[PDB]
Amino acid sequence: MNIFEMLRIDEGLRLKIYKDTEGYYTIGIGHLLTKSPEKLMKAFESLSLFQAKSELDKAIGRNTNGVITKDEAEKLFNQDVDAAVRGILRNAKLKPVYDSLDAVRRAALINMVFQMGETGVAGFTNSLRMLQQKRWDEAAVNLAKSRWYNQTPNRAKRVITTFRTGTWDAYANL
């Protein structure tokens, strides 16, 4: 178990470019490419797809034509992790807790940042303070008292267990 398998379990991974109902092109582990939007408008749809393919090819290092391997998805995900960590290390509300944590709990925090964004995670003021002070049980409870837990309770339960235990137990089960 590693952070790649963790985010795969929580978000899945696509080997083919997919356009969601909100017009976003996506591939890999939640990696967003471009946003798609009357003949000019359809021409901009073809443009948006081509821009997405161009971003993907540039990120992978070959002409993928929309299909990538699992290892390429992992490389993309590692790039996204590096970007997210750089964001965290620029964030006055997230850097101290992130630095105080161990690797597994750091993976849990990154998981939250991938799901809700830096601002969303930074909103959890009390829970983050409890994490920095290593009060695992209380941070788990107060995290369970959140809208995030009510919307995605299975992922939130796995992340919360990871924070509480500092182990991969909630993901190694399956």
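One rule holds for the numbers: they count along the sequence shown, beginning at 1.
In this entry, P37 and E38 are separated by 10 or more residues of the deposited sequence that lack coordinates. Once the C-alpha B-factors are averaged per stretch, 28-36 and 143-151 rank with 143-151 first. In the PDB entry, a CA B factor belonging to the middle third of its chain's modelled residues is recorded for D20. The deposited CA B-factor of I110 belongs to the lowest third of values across its chain. Ranked by Cα temperature factor within the chain, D57 sits in the middle third according to the deposited record.
Per the deposited record, the Cα B-factor of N2 falls in the lowest third when ranked against the other modelled residues of its chain.
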